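Student: Contents are mmCIF, N, CA and C atoms and all ligand atoms; file name upload-v1.cif:
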```cif
data_upload
#
loop_
_atom_site.label_atom_id
_atom_site.label_comp_id
_atom_site.auth_asym_id
_atom_site.auth_seq_id
_atom_site.Cartn_x
_atom_site.Cartn_y
_atom_site.Cartn_z
N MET X 2 98.64 65.15 156.32
CA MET X 2 99.22 65.94 155.15
C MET X 2 99.41 67.45 155.43
N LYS X 3 100.66 67.89 155.42
CA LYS X 3 100.95 69.22 155.90
C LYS X 3 101.96 70.01 155.10
N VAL X 4 101.81 71.32 155.13
CA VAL X 4 102.83 72.16 154.53
C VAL X 4 103.18 73.20 155.62
N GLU X 5 104.46 73.54 155.72
CA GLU X 5 104.95 74.31 156.89
C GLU X 5 105.85 75.43 156.42
N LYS X 6 105.97 76.52 157.21
CA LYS X 6 106.95 77.54 156.88
C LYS X 6 107.44 78.18 158.16
N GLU X 7 108.76 78.38 158.23
CA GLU X 7 109.30 79.18 159.33
C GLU X 7 109.31 80.65 158.95
N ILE X 8 108.97 81.52 159.89
CA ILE X 8 108.99 82.94 159.70
C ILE X 8 109.92 83.57 160.76
N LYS X 9 110.86 84.38 160.28
CA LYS X 9 111.76 85.15 161.17
C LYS X 9 111.25 86.57 161.18
N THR X 10 111.22 87.16 162.36
CA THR X 10 110.71 88.51 162.50
C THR X 10 111.51 89.27 163.55
N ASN X 11 111.67 90.56 163.34
CA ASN X 11 112.18 91.46 164.36
C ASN X 11 111.10 92.38 164.89
N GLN X 12 109.84 92.08 164.55
CA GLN X 12 108.71 92.81 165.12
C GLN X 12 108.40 92.19 166.47
N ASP X 13 107.70 92.92 167.35
CA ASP X 13 107.29 92.37 168.66
C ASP X 13 106.50 91.09 168.43
N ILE X 14 107.06 89.98 168.90
CA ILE X 14 106.59 88.65 168.54
C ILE X 14 105.16 88.43 169.03
N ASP X 15 104.81 89.01 170.15
CA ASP X 15 103.45 88.85 170.65
C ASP X 15 102.40 89.64 169.92
N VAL X 16 102.76 90.81 169.41
CA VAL X 16 101.87 91.54 168.48
C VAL X 16 101.75 90.75 167.21
N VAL X 17 102.86 90.18 166.72
CA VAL X 17 102.77 89.33 165.53
C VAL X 17 101.81 88.17 165.73
N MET X 18 101.99 87.46 166.82
CA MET X 18 101.11 86.31 167.13
C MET X 18 99.66 86.76 167.24
N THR X 19 99.41 87.90 167.86
CA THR X 19 98.02 88.41 168.00
C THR X 19 97.40 88.72 166.64
N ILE X 20 98.18 89.35 165.74
CA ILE X 20 97.66 89.63 164.41
C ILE X 20 97.33 88.31 163.67
N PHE X 21 98.18 87.30 163.77
CA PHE X 21 97.87 86.01 163.17
C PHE X 21 96.61 85.35 163.83
N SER X 22 96.24 85.77 165.04
CA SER X 22 95.00 85.26 165.68
C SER X 22 93.74 85.93 165.09
N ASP X 23 93.91 86.98 164.28
CA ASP X 23 92.80 87.54 163.52
C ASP X 23 92.60 86.86 162.15
N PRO X 24 91.51 86.10 161.98
CA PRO X 24 91.37 85.39 160.74
C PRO X 24 91.23 86.31 159.54
N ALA X 25 90.82 87.57 159.74
CA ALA X 25 90.75 88.51 158.65
C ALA X 25 92.10 88.86 158.13
N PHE X 26 93.14 88.69 158.94
CA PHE X 26 94.50 88.81 158.42
C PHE X 26 94.96 87.47 157.84
N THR X 27 94.87 86.42 158.67
CA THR X 27 95.58 85.19 158.37
C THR X 27 94.99 84.40 157.16
N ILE X 28 93.67 84.29 157.08
CA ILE X 28 93.02 83.50 156.01
C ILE X 28 93.30 84.11 154.61
N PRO X 29 93.07 85.40 154.40
CA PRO X 29 93.42 85.98 153.08
C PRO X 29 94.94 85.95 152.74
N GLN X 30 95.82 86.02 153.76
CA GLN X 30 97.25 86.03 153.54
C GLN X 30 97.71 84.62 153.11
N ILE X 31 97.01 83.56 153.55
CA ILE X 31 97.60 82.21 153.35
C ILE X 31 96.79 81.32 152.40
N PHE X 32 95.48 81.40 152.48
CA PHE X 32 94.65 80.47 151.67
C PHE X 32 94.70 80.92 150.19
N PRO X 33 94.42 79.99 149.22
CA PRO X 33 94.54 80.35 147.78
C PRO X 33 93.44 81.31 147.30
N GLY X 34 93.76 82.47 146.74
CA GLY X 34 92.75 83.27 145.97
C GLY X 34 91.50 83.70 146.75
N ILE X 35 91.70 84.10 148.02
CA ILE X 35 90.56 84.48 148.87
C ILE X 35 90.03 85.81 148.33
N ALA X 36 88.75 85.82 148.04
CA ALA X 36 88.06 86.98 147.47
C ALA X 36 87.03 87.57 148.44
N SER X 37 86.70 86.86 149.53
CA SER X 37 85.66 87.36 150.46
C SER X 37 86.04 86.88 151.86
N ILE X 38 85.88 87.72 152.88
CA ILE X 38 86.18 87.22 154.26
C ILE X 38 85.16 87.89 155.16
N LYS X 39 84.55 87.13 156.06
CA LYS X 39 83.53 87.68 156.95
C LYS X 39 83.90 87.29 158.34
N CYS X 40 84.09 88.29 159.18
CA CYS X 40 84.36 87.96 160.55
C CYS X 40 83.10 88.15 161.36
N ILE X 41 82.48 87.02 161.68
CA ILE X 41 81.20 87.02 162.39
C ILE X 41 81.41 87.59 163.82
N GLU X 42 82.44 87.11 164.53
CA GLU X 42 82.87 87.60 165.83
C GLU X 42 84.39 87.45 165.69
N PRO X 43 85.17 87.90 166.72
CA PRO X 43 86.67 87.85 166.62
C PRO X 43 87.24 86.45 166.32
N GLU X 44 86.56 85.41 166.81
CA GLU X 44 87.11 84.07 166.65
C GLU X 44 86.42 83.20 165.60
N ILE X 45 85.47 83.78 164.89
CA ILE X 45 84.69 82.96 163.89
C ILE X 45 84.81 83.65 162.54
N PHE X 46 85.12 82.92 161.48
CA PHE X 46 85.11 83.51 160.11
C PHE X 46 84.44 82.59 159.08
N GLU X 47 84.08 83.20 157.96
CA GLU X 47 83.75 82.51 156.73
C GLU X 47 84.52 83.24 155.65
N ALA X 48 84.92 82.50 154.62
CA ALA X 48 85.62 83.08 153.50
C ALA X 48 85.34 82.29 152.22
N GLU X 49 85.54 82.95 151.10
CA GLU X 49 85.38 82.34 149.78
C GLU X 49 86.66 82.60 149.01
N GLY X 50 87.13 81.58 148.31
CA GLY X 50 88.25 81.73 147.45
C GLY X 50 88.10 80.91 146.14
N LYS X 51 89.16 80.95 145.33
CA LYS X 51 89.15 80.17 144.09
C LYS X 51 90.62 79.91 143.73
N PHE X 52 90.91 78.71 143.25
CA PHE X 52 92.20 78.50 142.56
C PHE X 52 91.90 77.57 141.38
N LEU X 53 92.55 77.83 140.24
CA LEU X 53 92.23 77.11 139.03
C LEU X 53 90.74 77.28 138.75
N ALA X 54 90.07 76.23 138.30
CA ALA X 54 88.63 76.33 138.06
C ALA X 54 87.76 76.14 139.33
N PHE X 55 88.40 76.03 140.50
CA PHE X 55 87.73 75.60 141.73
C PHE X 55 87.44 76.68 142.75
N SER X 56 86.18 77.10 142.81
CA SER X 56 85.68 77.97 143.91
C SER X 56 85.46 77.16 145.16
N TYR X 57 85.65 77.78 146.32
CA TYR X 57 85.45 77.08 147.55
C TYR X 57 84.93 78.05 148.61
N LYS X 58 84.23 77.50 149.60
CA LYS X 58 83.75 78.32 150.72
C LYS X 58 84.29 77.66 151.97
N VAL X 59 85.04 78.38 152.81
CA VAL X 59 85.64 77.77 154.02
C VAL X 59 85.13 78.58 155.23
N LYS X 60 84.94 77.92 156.37
CA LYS X 60 84.56 78.68 157.57
C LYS X 60 85.24 78.00 158.74
N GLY X 61 85.46 78.72 159.83
CA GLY X 61 86.09 78.02 160.95
C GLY X 61 86.20 78.94 162.14
N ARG X 62 86.98 78.45 163.11
CA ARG X 62 87.06 79.08 164.43
C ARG X 62 88.48 79.13 164.86
N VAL X 63 88.83 80.20 165.57
CA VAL X 63 90.19 80.42 166.06
C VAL X 63 90.24 80.10 167.57
N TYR X 64 91.25 79.34 167.96
CA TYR X 64 91.48 79.06 169.37
C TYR X 64 92.85 79.61 169.72
N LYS X 65 92.89 80.43 170.78
CA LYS X 65 94.17 80.95 171.26
C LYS X 65 94.68 80.16 172.46
N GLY X 66 95.96 79.84 172.46
CA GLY X 66 96.58 79.05 173.52
C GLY X 66 97.86 79.74 173.89
N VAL X 67 98.62 79.12 174.78
CA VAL X 67 99.94 79.63 175.15
C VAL X 67 100.88 79.53 173.94
N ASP X 68 101.32 80.70 173.48
CA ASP X 68 102.29 80.73 172.36
C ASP X 68 101.76 80.04 171.07
N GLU X 69 100.45 79.99 170.91
CA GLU X 69 99.89 79.24 169.77
C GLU X 69 98.56 79.81 169.34
N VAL X 70 98.32 79.77 168.03
CA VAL X 70 97.00 80.09 167.48
C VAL X 70 96.62 78.84 166.68
N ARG X 71 95.39 78.36 166.82
CA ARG X 71 94.95 77.19 166.07
C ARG X 71 93.66 77.57 165.38
N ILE X 72 93.62 77.46 164.07
CA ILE X 72 92.41 77.77 163.36
C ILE X 72 91.86 76.44 162.81
N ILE X 73 90.65 76.08 163.23
CA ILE X 73 90.04 74.76 162.80
C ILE X 73 89.06 75.14 161.72
N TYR X 74 89.11 74.51 160.54
CA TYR X 74 88.26 74.99 159.43
C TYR X 74 87.61 73.80 158.71
N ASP X 75 86.50 74.07 158.05
CA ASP X 75 85.82 73.06 157.21
C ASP X 75 85.45 73.72 155.91
N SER X 76 85.47 72.98 154.83
CA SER X 76 85.10 73.57 153.53
C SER X 76 84.54 72.51 152.63
N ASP X 77 83.92 72.97 151.53
CA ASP X 77 83.45 72.05 150.48
C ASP X 77 84.61 71.40 149.72
N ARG X 78 85.86 71.78 150.03
CA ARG X 78 87.04 71.12 149.43
C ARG X 78 87.89 70.37 150.46
N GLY X 79 87.34 70.11 151.65
CA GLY X 79 88.08 69.39 152.68
C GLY X 79 88.34 70.27 153.89
N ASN X 80 88.75 69.65 154.99
CA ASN X 80 88.78 70.30 156.29
C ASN X 80 90.19 70.25 156.84
N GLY X 81 90.50 71.05 157.85
CA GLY X 81 91.87 71.03 158.27
C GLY X 81 92.08 71.87 159.50
N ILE X 82 93.36 72.05 159.81
CA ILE X 82 93.80 72.93 160.92
C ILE X 82 95.03 73.69 160.46
N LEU X 83 94.99 75.00 160.76
CA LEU X 83 96.14 75.91 160.49
C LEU X 83 96.68 76.29 161.88
N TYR X 84 97.93 75.96 162.13
CA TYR X 84 98.60 76.30 163.39
C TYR X 84 99.59 77.44 163.17
N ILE X 85 99.62 78.41 164.11
CA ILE X 85 100.71 79.42 164.10
C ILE X 85 101.36 79.28 165.48
N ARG X 86 102.63 78.85 165.54
CA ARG X 86 103.29 78.53 166.83
C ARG X 86 104.51 79.43 167.03
N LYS X 87 104.55 80.14 168.16
CA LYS X 87 105.74 80.92 168.47
C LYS X 87 106.85 79.96 168.87
N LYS X 88 108.03 80.07 168.25
CA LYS X 88 109.12 79.17 168.60
C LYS X 88 110.15 79.85 169.55
N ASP X 89 110.38 81.14 169.34
CA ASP X 89 111.19 81.92 170.26
C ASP X 89 110.85 83.37 170.00
N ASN X 90 111.60 84.28 170.60
CA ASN X 90 111.30 85.68 170.49
C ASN X 90 111.37 86.19 169.05
N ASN X 91 111.96 85.44 168.13
CA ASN X 91 112.18 86.00 166.79
C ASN X 91 111.63 85.14 165.67
N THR X 92 110.89 84.10 166.04
CA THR X 92 110.64 83.01 165.09
C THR X 92 109.31 82.42 165.38
N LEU X 93 108.55 82.16 164.30
CA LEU X 93 107.36 81.34 164.49
C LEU X 93 107.30 80.32 163.38
N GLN X 94 106.36 79.40 163.52
CA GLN X 94 106.16 78.35 162.53
C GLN X 94 104.73 78.34 162.13
N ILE X 95 104.49 78.32 160.84
CA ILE X 95 103.11 78.14 160.37
C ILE X 95 102.97 76.72 159.80
N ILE X 96 101.90 76.04 160.19
CA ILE X 96 101.65 74.66 159.70
C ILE X 96 100.22 74.53 159.24
N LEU X 97 100.00 74.14 158.00
CA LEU X 97 98.65 73.94 157.49
C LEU X 97 98.46 72.44 157.20
N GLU X 98 97.51 71.81 157.88
CA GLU X 98 97.23 70.37 157.60
C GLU X 98 95.85 70.26 157.04
N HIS X 99 95.69 69.52 155.94
CA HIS X 99 94.44 69.51 155.22
C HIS X 99 94.04 68.02 154.95
N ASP X 100 92.77 67.68 155.08
CA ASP X 100 92.33 66.26 155.05
C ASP X 100 91.97 65.65 153.70
N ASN X 101 92.06 66.47 152.67
CA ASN X 101 91.68 66.07 151.32
C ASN X 101 92.88 66.03 150.40
N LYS X 102 93.31 64.82 150.01
CA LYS X 102 94.55 64.71 149.27
C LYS X 102 94.51 65.43 147.90
N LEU X 103 93.40 65.30 147.18
CA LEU X 103 93.26 65.94 145.85
C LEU X 103 93.37 67.47 145.98
N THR X 104 92.57 68.03 146.88
CA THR X 104 92.63 69.48 147.18
C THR X 104 94.01 69.94 147.60
N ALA X 105 94.64 69.20 148.52
CA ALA X 105 96.06 69.46 148.88
C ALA X 105 97.03 69.50 147.68
N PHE X 106 96.90 68.55 146.76
CA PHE X 106 97.78 68.51 145.60
C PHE X 106 97.63 69.76 144.75
N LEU X 107 96.38 70.19 144.56
CA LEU X 107 96.15 71.33 143.68
C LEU X 107 96.39 72.64 144.40
N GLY X 108 96.15 72.69 145.71
CA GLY X 108 96.20 73.98 146.45
C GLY X 108 97.58 74.28 146.95
N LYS X 109 98.39 73.24 147.15
CA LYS X 109 99.72 73.43 147.77
C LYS X 109 100.62 74.53 147.13
N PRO X 110 100.72 74.59 145.78
CA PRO X 110 101.62 75.63 145.26
C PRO X 110 101.12 77.04 145.61
N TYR X 111 99.79 77.24 145.72
CA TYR X 111 99.23 78.57 146.03
C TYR X 111 99.54 78.91 147.48
N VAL X 112 99.31 77.92 148.34
CA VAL X 112 99.64 78.09 149.76
C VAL X 112 101.12 78.34 149.96
N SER X 113 101.95 77.54 149.32
CA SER X 113 103.40 77.71 149.44
C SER X 113 103.89 79.09 148.95
N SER X 114 103.31 79.55 147.85
CA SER X 114 103.61 80.87 147.34
C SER X 114 103.25 81.95 148.37
N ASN X 115 102.08 81.77 149.00
CA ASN X 115 101.65 82.73 150.05
C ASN X 115 102.58 82.66 151.24
N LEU X 116 102.98 81.46 151.65
CA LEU X 116 103.88 81.38 152.83
C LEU X 116 105.25 81.96 152.53
N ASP X 117 105.76 81.76 151.31
CA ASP X 117 107.05 82.34 150.92
C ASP X 117 106.95 83.86 150.92
N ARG X 118 105.86 84.39 150.36
CA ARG X 118 105.64 85.85 150.37
C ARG X 118 105.57 86.43 151.79
N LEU X 119 104.79 85.79 152.65
CA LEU X 119 104.73 86.22 154.06
C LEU X 119 106.09 86.19 154.74
N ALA X 120 106.84 85.09 154.56
CA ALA X 120 108.16 84.99 155.13
C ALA X 120 109.13 86.09 154.68
N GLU X 121 109.07 86.43 153.40
CA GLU X 121 109.94 87.41 152.85
C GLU X 121 109.54 88.84 153.17
N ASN X 122 108.30 89.09 153.62
CA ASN X 122 107.82 90.44 153.75
C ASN X 122 107.12 90.63 155.10
N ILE X 123 107.34 89.70 156.03
CA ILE X 123 106.55 89.74 157.27
C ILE X 123 106.64 91.08 158.01
N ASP X 124 107.84 91.62 158.21
CA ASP X 124 107.92 92.81 159.06
C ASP X 124 107.31 94.06 158.43
N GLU X 125 107.41 94.19 157.10
CA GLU X 125 106.77 95.31 156.40
C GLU X 125 105.21 95.19 156.41
N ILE X 126 104.72 93.95 156.21
CA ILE X 126 103.29 93.63 156.35
C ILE X 126 102.75 93.97 157.77
N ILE X 127 103.46 93.49 158.78
CA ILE X 127 103.03 93.69 160.16
C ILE X 127 103.13 95.18 160.53
N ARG X 128 104.18 95.88 160.04
CA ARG X 128 104.28 97.32 160.35
C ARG X 128 103.02 98.05 159.87
N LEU X 129 102.55 97.77 158.68
CA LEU X 129 101.36 98.46 158.16
C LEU X 129 100.08 98.00 158.89
N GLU X 130 100.01 96.69 159.22
CA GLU X 130 98.94 96.20 160.15
C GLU X 130 98.87 96.98 161.46
N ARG X 131 100.02 97.24 162.07
CA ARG X 131 100.05 97.85 163.35
C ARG X 131 99.62 99.32 163.24
N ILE X 132 99.99 99.99 162.16
CA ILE X 132 99.53 101.36 161.97
C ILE X 132 98.00 101.40 161.85
N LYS X 133 97.42 100.48 161.07
CA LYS X 133 95.96 100.51 160.86
C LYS X 133 95.23 100.10 162.15
N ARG X 134 95.78 99.12 162.86
CA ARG X 134 95.09 98.56 164.04
C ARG X 134 95.39 99.35 165.33
N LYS X 135 96.44 100.18 165.30
CA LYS X 135 96.89 101.00 166.43
C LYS X 135 97.32 100.10 167.57
N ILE X 136 98.19 99.14 167.30
CA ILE X 136 98.73 98.24 168.34
C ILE X 136 100.22 98.16 168.15
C1 LIG Y 201 90.12 75.48 152.13
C2 LIG Y 201 89.79 74.65 150.90
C3 LIG Y 201 90.84 74.88 149.85
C4 LIG Y 201 92.15 74.89 150.58
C5 LIG Y 201 93.32 74.53 149.73
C6 LIG Y 201 94.22 73.97 150.80
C7 LIG Y 201 95.58 73.56 150.28
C8 LIG Y 201 96.25 72.77 151.37
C9 LIG Y 201 97.54 72.19 150.86
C10 LIG Y 201 98.27 71.40 151.92
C11 LIG Y 201 99.55 70.79 151.33
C12 LIG Y 201 100.07 69.49 151.99
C13 LIG Y 201 99.97 68.27 151.06
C14 LIG Y 201 101.26 67.78 150.42
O1 LIG Y 201 102.29 67.52 151.09
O2 LIG Y 201 101.31 67.61 149.16
#
```
Can the structure in the file be given as structure tokens, please?
Ligand SMILES: CCCCCCCCCCCCCC(=O)O
Tutor:
Amino acid sequence: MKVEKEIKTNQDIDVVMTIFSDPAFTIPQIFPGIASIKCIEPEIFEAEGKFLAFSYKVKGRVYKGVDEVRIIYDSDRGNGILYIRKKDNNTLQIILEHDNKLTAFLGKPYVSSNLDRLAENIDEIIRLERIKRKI
């Protein structure tokens, strides 16, 4: 069970991919109603969010590969994998697969709203990221 979004960017695609490898950027930008994020080390996070009446606590690990970021996560609302894949110099694909059908049904519109927002505002978002991070 998956929801996907293509993102077009004119920002340096490898800086973009690197920023998406930081869960402190990616988890709050995509998951529903994230209110807390803790980066234990660069590749490990915990976060808390809420959508509707449902609070949740999610934690996971980031794996970097060739042209790919894979975030493996587990939560009290089901477990999954978030992929960020570079498709070419100007394009990436985000794919979120989640193992809990009920949670997927309720969470999907929040996730989709976040992916649409990211797609529509990616280069302005990344420009301000790069100023703060100095990359
Ligand atoms: C991390 C625990 C709460 C996360 C909420 C995750 C929402 C995932 C939605 C995935 C949507 C695909 C399912 C579908 O096609 O209807």
Student: Could the residues of chain X that have an atom at most 10 Å from ligand LIG 201 (chain Y) be listed as a Markdown table, each with its closest atom pair and the distance in Å to one decimal, counting only C-alpha atoms and all ligand atoms and ordered by chain and ascending residue number?
Tutor:
```
| residue | atom | partner | partner_atom | distance |
| --- | --- | --- | --- | --- |
| X:2 | CA | Y:LIG201 | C13 | 4.8 |
| X:3 | CA | Y:LIG201 | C12 | 4.0 |
| X:4 | CA | Y:LIG201 | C12 | 4.6 |
| X:5 | CA | Y:LIG201 | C12 | 8.4 |
| X:28 | CA | Y:LIG201 | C1 | 9.4 |
| X:31 | CA | Y:LIG201 | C6 | 9.3 |
| X:32 | CA | Y:LIG201 | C4 | 6.2 |
| X:33 | CA | Y:LIG201 | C5 | 6.3 |
| X:34 | CA | Y:LIG201 | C3 | 9.4 |
| X:35 | CA | Y:LIG201 | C1 | 9.6 |
| X:48 | CA | Y:LIG201 | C1 | 8.9 |
| X:49 | CA | Y:LIG201 | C1 | 8.7 |
| X:50 | CA | Y:LIG201 | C3 | 7.7 |
| X:51 | CA | Y:LIG201 | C3 | 8.0 |
| X:52 | CA | Y:LIG201 | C3 | 8.3 |
| X:55 | CA | Y:LIG201 | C3 | 8.7 |
| X:56 | CA | Y:LIG201 | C3 | 8.5 |
| X:57 | CA | Y:LIG201 | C2 | 6.0 |
| X:58 | CA | Y:LIG201 | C2 | 7.1 |
| X:59 | CA | Y:LIG201 | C1 | 5.4 |
| X:60 | CA | Y:LIG201 | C1 | 8.4 |
| X:74 | CA | Y:LIG201 | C1 | 7.5 |
| X:75 | CA | Y:LIG201 | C1 | 7.1 |
| X:76 | CA | Y:LIG201 | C2 | 5.5 |
| X:77 | CA | Y:LIG201 | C2 | 6.9 |
| X:78 | CA | Y:LIG201 | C2 | 4.7 |
| X:79 | CA | Y:LIG201 | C2 | 5.8 |
| X:80 | CA | Y:LIG201 | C1 | 6.8 |
| X:81 | CA | Y:LIG201 | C1 | 7.8 |
| X:82 | CA | Y:LIG201 | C8 | 9.9 |
| X:83 | CA | Y:LIG201 | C8 | 9.6 |
| X:96 | CA | Y:LIG201 | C10 | 9.1 |
| X:97 | CA | Y:LIG201 | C10 | 6.1 |
| X:98 | CA | Y:LIG201 | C10 | 5.9 |
| X:99 | CA | Y:LIG201 | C8 | 5.4 |
| X:100 | CA | Y:LIG201 | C8 | 8.4 |
| X:101 | CA | Y:LIG201 | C8 | 8.1 |
| X:102 | CA | Y:LIG201 | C13 | 6.7 |
| X:103 | CA | Y:LIG201 | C13 | 8.8 |
| X:104 | CA | Y:LIG201 | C5 | 5.7 |
| X:105 | CA | Y:LIG201 | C9 | 3.7 |
| X:106 | CA | Y:LIG201 | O2 | 5.1 |
| X:107 | CA | Y:LIG201 | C7 | 7.0 |
| X:108 | CA | Y:LIG201 | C7 | 3.9 |
| X:109 | CA | Y:LIG201 | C9 | 4.0 |
| X:110 | CA | Y:LIG201 | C9 | 7.7 |
| X:111 | CA | Y:LIG201 | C7 | 7.5 |
| X:112 | CA | Y:LIG201 | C7 | 6.1 |
| X:113 | CA | Y:LIG201 | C11 | 8.1 |
```
Student: As an exercise, work out the distance from atom C of residue 17 of chain X to atom N of residue 47 of chain X in Å and give it to one decimal place.
Tutor: 20.0 Å
Student: Could you work out how far atom CA of residue 13 of chain X lies from atom CA of residue 89 of chain X, giving the answer in Å with one decimal?
Tutor: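 Between atom CA of residue 89 of chain X and atom CA of residue 13 of chain X the gap works out to 11.3 Å.
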Student: How far is it from atom CA of residue 72 of chain X to atom CA of residue 46 of chain X, in Å with one decimal?
Tutor: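 Pair atom CA of residue 72 of chain X / atom CA of residue 46 of chain X returns 9.8 Å.
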Student: Looking at only C-alpha atoms, which of X:42, X:15, X:130, X:7 is the one that sits closest to residue 69 of chain X?
Tutor: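 Result for the nearest residue to residue 69 of chain X: X:15.
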